[PDB]
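Here is the structure we will look at.
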Amino acid sequence: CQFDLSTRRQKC
Amino acid sequence: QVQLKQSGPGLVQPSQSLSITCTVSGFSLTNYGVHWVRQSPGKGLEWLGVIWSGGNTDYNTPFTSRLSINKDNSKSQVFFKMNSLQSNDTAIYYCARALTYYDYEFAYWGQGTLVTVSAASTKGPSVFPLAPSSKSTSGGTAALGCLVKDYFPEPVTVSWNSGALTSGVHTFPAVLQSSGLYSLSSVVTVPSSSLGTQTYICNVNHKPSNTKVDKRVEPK
Amino acid sequence: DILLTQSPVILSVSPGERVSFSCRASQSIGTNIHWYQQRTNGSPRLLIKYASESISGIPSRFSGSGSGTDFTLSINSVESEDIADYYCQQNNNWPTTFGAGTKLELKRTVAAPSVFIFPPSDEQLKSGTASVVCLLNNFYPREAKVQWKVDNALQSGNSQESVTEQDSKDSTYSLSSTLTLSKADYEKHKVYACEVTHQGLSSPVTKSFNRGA
Ligand SMILES: *[C@@H]1O[C@H](CO)[C@@H](O)[C@H](O)[C@H]1NC(C)=O
C-alpha cells in the first residue's frame with residue numbers, strides 16, 4: 001500500500 | 001482550545017524553496033516546542049525537525065542542509081522553510097505539538113499543507129452543474145452535483161450550501177487527466193420534492209489559484 | 001534509525017469484532033511507542049502513548065500493549081467510524097520514526113448501487129468538451145463494472161473512475177464514471193448508456209439518455 005495525497009489514506 | 005493553523009497549499013517549482021507558516025493558539029511558543037512532520041507516497045510519515053521553547057532547533061539528518069525553522073513568539077507563528085525541492089518532496093506538511101514541552105507524542109496537529117513540486121502552472125477549475133432530472137430521480141430521491149474540471153495542482157475543497165448541507169454528500173477523489181490537469185465531481189442526494197423550494201449550491205475553492213466559485217445547480 | 005514494521009498491510013473485520021494491529025521494531029525500544037489514527041482527509045490523531053497509556057478524548061475501546069520489540073494496538077469492538085489507517089511511532093532512539101501503517105476496512109451486508117446518469121451541461125459544451133457522468137451510489141462491496149455505450153458502440157479507454165473511501169456511517173462506497181468526448185463527437189451521436197454490474201444486482205442496470213430528449 002502507498003499513502004495517497006488526494007485522500008490522505010493508504011491506497012492498495 | 002489548542003490549535004495549529006497552517007498556511008494554504010500550493011505549487012513550488014523544482015529546485016525552489018518551500019515556505020509554510022504555522023499559527024498557534026491555546027498555548028505559548030515560549031512554553032512548547034513545535035515539530036514538523038511530512039507525509040509522502042514514497043516515504044510515508046517522516047519527522048523533519050523541531051523548534052524548542054528557547055529557540056534551539058533540531059533537524060532530521062537528511063534535512064540539515066536545506067531546512068530552516070524560525071518563529072516569532074509574540075505573533076505565535078512558526079516558520080518552516082526548505083530549500084531546493086525536488087519531485088519526491090511532494091507531500092503533506094504538518095506542524096505539530098507534543099503533550100509535554102520536551103516530548104514527541106503528537107497530540108495536536110495542524111490541518112496539513114499539500115505541497116506539489118512541479119514545473120507546471122497553477123490553473124483554476126471550471127465548475128459545471130450535474131443537473132438532477134428523471135434520469136437521476138428514483139423513489140423520491142434526486143441526485144445532483146458539480147463537475148470541478150481542469151485544475152492544478154491539488155487540492156480543491158468543495159462544500160454544499162455554505163456548509164449547511166453535508167448529509168448524503170460525496171466528494172470524489174481527484175483524477176489526473178491526460179492533460180496533466182485534475183478533475184473531480186461532488187454529488188449529493190436530496191428529496192426530489194425539495195428541488196422546487198430549496199436552492200443547491202456547490203461552493204468550490206481552489207486556494208493555489210485563489211479561485212472561488214459558487215455554482216447553483218438546478219433541474220434542467 | 002529504528003525500522004518499524006506494521007502488519008498486516010490490510011485488516012478487514014465485521015462491526016462488533018475485536019481487532020489487533022501489530023507493530024514490530026528492529027531493536028528493543030522499551031515501551032517508547034505511540035499510536036495514531038488517520039481518517040479520510042484527516043491529520044493523524046494520537047490514540048495511545050507509551051504502549052499502553054490512554055489519551056484524553058479517545059474512546060475506551062482503544063488500548064495498546066507490548067514491550068521490547070512486539071507491540072499491539074487493539075480495538076475491542078470495532079465501529080464503522082474506526083475505518084482508517086493506523087500508525088505506530090517509536091521515540092526510544094533519535095530520530096523518531098513511524099511505521100508504514102495498517103489499513104482497517106469494515107465488512108457489511110451487500111448493498112446494490114443506486115445509479116444515476118448526467119448528460120453534459122450546455123455550459124461545458126460551450127468549451128468544446130463533453131463530460132458524461134455516471135454515479136453508482138452507496139454500494140458494497142467495492143467491486144463494480146461500468147460499461148459505456150454510445151449508439152450501441154462499446155466505449156473503451158475514454159472514461160475514468162473515481163471511488164470514495166468507505167463511508168464512516170454506513171460503510172458503503174460510491175463511484176463515479178466519467179466519459180469524455182469532444183463536443184464534435186458528442187453531437188454526432190444520440191444514445192448514451194451507462195451499464196452497471198454489481199454483486200447486489202440480479203441483472204445489470206442500465207441508465208441512459210438521448211442527446212436532447
Ligand atoms: C528523493 O530522491 C532522493 C535521491 O534523489 C532519495 O535519496 C530520497 O530518499 C527520495 N525521497 C523520497 C522518495 O521521499
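In listed order, ligands and their atoms are each counted from 1. In the text below, chain A, chain B and the rest are named by the order of the sequence lines, each starting its count at 1.
The protein heavy-atom contact nearest to atom 5 (O) of ligand 1 is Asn88(B) ND2, 4.9 Å.
Distance screen at 4.0 Å: atom 2 (O) of ligand 1 has a protein heavy-atom neighbour inside the cut-off. Distance check for atom 7 (O) of ligand 1: every protein heavy atom is found at 4.0 Å or beyond.
Taking the centre and axis of the six-membered ring of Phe27(B), the NZ or CZ atom of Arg97(B) falls inside the cone set by 45° and 6.0 Å.
For the atom pair OG1 (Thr23(B)) and CZ (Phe79(B)), the distance works out to 7.5 Å, reported to the nearest 0.5 Å. Separation of atoms OG1 (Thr172(C)) and OH (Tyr140(C)) is listed at 11.0 Å; rounding is to 0.5 Å.
For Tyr186(C) and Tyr192(C), the distance between ring centers is under 6.0 angstrom.
Residue-to-ligand polar distances place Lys43(B) within reach of ligand 1: an N/O pair is separated by less than 3.5 Å.
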